[PDB]
Amino acid sequence: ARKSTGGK
Amino acid sequence: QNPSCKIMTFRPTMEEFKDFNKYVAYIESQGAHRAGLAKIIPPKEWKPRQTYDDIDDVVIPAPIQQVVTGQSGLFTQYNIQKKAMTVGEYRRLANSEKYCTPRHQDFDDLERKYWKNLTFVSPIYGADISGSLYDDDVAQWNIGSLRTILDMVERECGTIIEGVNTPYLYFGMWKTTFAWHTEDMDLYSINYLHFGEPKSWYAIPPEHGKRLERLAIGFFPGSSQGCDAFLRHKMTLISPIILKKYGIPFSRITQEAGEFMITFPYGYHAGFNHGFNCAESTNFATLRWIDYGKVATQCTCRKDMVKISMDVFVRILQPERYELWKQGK
Ligand SMILES: O=C(O)c1ccnc(C(=O)O)c1
Ligand code: NI
Ligand SMILES: [Zn+2]
């Protein structure tokens with residue numbers, strides 16, 4: 001798991 | 001302290017600025033956290049890096065094309081992964097005709113042009129890059145080494161959570177966007193804009209966060225049905241016209257090169273880059289965070305998501321409540 005800008 | 005929950009801007013002298021942890025406690029003592037967001041302009045002397053002369057060579061491993069769909073102020077933003085490119089190549093893209101910042105007369109004009117043009121050309125964002133542009137030289141407010149109790153997590157299992165426990169870089173261009181969210185585990189974040197055009201922010205006070213969540217469930221009932229923390233998918237955009245339409249208290253602020261922004265636990269935020277720029281960010285914690293981390297929502301529908309076990313924080317830093325906490329109480 002990492003932080004992310006998301007959006008899939 | 002800050003009963004209207006305005007976003008505060010601080011201008012520490014070097015001596016005040018020195019100790020990061022102490023400065024966070026100070027801004028909170030002045031009520032900065034009530035806004036969910038605060039600007040700190042570091043003293044003129046302080047520089048995190050001597051020169052940005054070679055950045056063009058830096059590799060962006062996984063730029064994302066940000067595809068925004070929706071209408072009437074309510075959007076979903078999907079981030080499609082593209083091939084790696086260098087910052088040099090990225091900069092030239094950012095400034096090309098298809099992608100470049102629109103002519104605008106002031107902020108209100110640019111902001112109108114952002115919300116009006118969101119669904120047309122999909123901008124490329126050089127986001128989520130594991131790395132730091134700080135010189136090894138730099139002791140104060142060094143995003144790669146802030147030394148907060150968040151450091152406990154890695155001590156406990158050797159897990160590094162990239163971007164949370166480590167610094168991220170974001171090379172931005174016009175219209176590249178961070179959707180409405182709070183941090184993973186409702187952590188604080190710190191954000192430094194190294195250089196370039198501004199990054200604008202919208203922030204909702206922590207005390208009105210639940211109102212935002214009820215609003216969003218009302219906007220996307222399919223999504224809320226699918227996941228009990230769907231804002232954490234970080235794809236929901238909601239214009240300031242819409243926030244006003246539903247009486248959600250928010251403020252906006254523009255961060256310029258050389259300035260820090262801090263987001264506070266459960267402070268919803270969203271925003272967008274004005275043009276080519278470069279920001280660095282990571283998460284951090286304080287004692288006050290622990291109670292938020294204990295109750296932070298988690299996405300229940302993906303397996304990719306950040307989860308931090310709170311057991312070590314309560315056990316060591318809330319010892320008198322640990323036993324009850326173990327048994328639901
Ligand atoms: O892209 C950014 O600048 C940004 C700003 C605030 N938050 C996030 C985030 O992903 O938490 C990203
Ligand atoms: Ni954030
Ligand atoms: Zn989910």
Side-chain angles (χ1 to χ4, degrees), chain A, chain B residues 7 36-39 60 62-64 66 76-77 79 123-130 143 161-204 206 209 213 216-217 220 222-237 252-257 259-284 296-307:
Chain A
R2 62 201 297 274
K3 172 184 179 182
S4 93
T5 297
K8 276 195 96 279
Chain B
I7 295 171
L37 182 56
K39 177 184 297 197
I60 303 167
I64 43 166
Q66 308 201 277
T76 312
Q77 173 174 249
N79 296 315
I124 309 318
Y125 196 9
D128 304 348
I129 299 162
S130 283
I143 289 174
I161 301 160
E162 292 281 356
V164 178
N165 264 357
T166 73
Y168 263 7
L169 296 173
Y170 299 85
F171 294 86
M173 68 168 64
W174 161 245
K175 219 166 68 186
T176 50
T177 288
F178 51 104
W180 279 103
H181 62 286
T182 60
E183 298 306 281
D184 296 296
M185 299 291 316
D186 299 336
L187 288 163
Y188 296 71
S189 71
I190 176 170
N191 310 253
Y192 179 69
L193 191 62
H194 282 287
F195 57 83
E197 294 307 310
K199 182 187 293 287
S200 283
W201 294 72
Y202 300 96
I204 288 164
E213 294 173 357
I217 292 146
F220 300 101
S223 302
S224 55
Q225 177 197 148
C227 173
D228 54 8
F230 81 87
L231 289 173
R232 294 207 186 265
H233 301 158
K234 291 182 172 170
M235 49 214 305
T236 301
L237 311 187
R252 69 200 98 208
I253 191 163
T254 298
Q255 170 195 21
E256 329 218 79
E259 305 178 328
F260 284 96
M261 305 299 297
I262 292 184
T263 80
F264 295 82
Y266 201 59
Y268 270 102
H269 50 283
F272 64 89
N273 294 311
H274 288 204
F276 177 66
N277 62 17
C278 172
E280 186 168 339
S281 180
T282 193
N283 290 121
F284 72 91
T297 60
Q298 325 224 6
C299 165
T300 58
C301 83
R302 312 185 83 275
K303 308 279 160 270
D304 251 2
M305 306 296 287
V306 174
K307 196 182 352 203

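First the proteins, then the strands, lettered A, B, ... as listed; each starts at 1. Values below: all heavy atoms of this structure, side chains included; hydrogens, waters and symmetry mates excluded. Every number for a ligand or one of its atoms is a count from 1 in the order of the listing.
For the Zn ion (ligand 3), the neighbouring protein N/O/S atoms at less than 2.8 Å, given as residue and atom, are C227(B) SG, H233(B) NE2, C299(B) SG, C301(B) SG. Excluding water, every protein N/O/S atom under 2.8 Å from the Ni ion (ligand 2) is given here by residue and atom: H181(B) NE2, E183(B) OE2, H269(B) NE2.
There is a side-chain donor-acceptor pair under 3.5 Å between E162(B) and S130(B).
Looking at heavy atoms from C-beta onward, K8(A) lies in side-chain contact with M235(B) at the 4.5 angstrom threshold. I124(B) is listed as a side-chain neighbour of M173(B), based on a closest heavy-atom distance under 4.5 Å. Using a 4.5 Å heavy-atom cutoff, the side chains of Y202(B) and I204(B) are not in contact. Side-chain contact between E183(B) and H181(B) is present, with heavy atoms from C-beta onward closer than 4.5 Å.
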>> For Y170(B) and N191(B): C-alpha separation, side-chain torsions, deciding distance, then whether side chain to side chain donor-acceptor pair (under 3.5 Å) applies.
In response: CA-CA 10 Å; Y170(B) 299 85; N191(B) 310 253; over 6 Å; no

>> Using the rule given for side chain to side chain contact (heavy atoms under 4.5 Å, CB included), can you reason through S281(B) versus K3(A), listing the C-alpha separation, both sets of side-chain angles and the distance that settles it, and then say yes or no?
In response: CA-CA 11 Å; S281(B) 180; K3(A) 172 184 179 182; 3.8 Å; yes

>> For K199(B) and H274(B): C-alpha separation, side-chain torsions, deciding distance, then whether side chain to side chain contact (heavy atoms under 4.5 Å, CB included) applies.
In response: CA-CA 6 Å; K199(B) 182 187 293 287; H274(B) 288 204; over 6 Å; no

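Between the OG1 atom of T166(B) and the CG atom of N283(B) there is a distance of 9.5 Å, given to the nearest 0.5 Å.
Every protein residue with a heavy atom nearer than 4.0 Å to ligand 1 is included here: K3(A), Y125(B), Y170(B), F178(B), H181(B), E183(B), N191(B), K199(B), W201(B), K234(B), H269(B).
At a threshold of 4.0 Å, the pair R232(B)-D186(B) counts as salt-bridged, since one of the basic side-chain nitrogens sits closer than that to a carboxylate oxygen.
Evaluation of the salt bridge (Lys or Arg N to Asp or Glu O under 4.0 Å) rule for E259(B) yields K39(B) as partners, not counting sequence neighbours.
Classified by interplanar angle (parallel below 30°, tilted 30° to 60°, perpendicular above 60°), the ring pair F220(B)/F230(B) is perpendicular. The aromatic rings of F272(B) and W174(B) sit perpendicular to each other, their planes meeting at more than 60°, with 30° as the lower class boundary.
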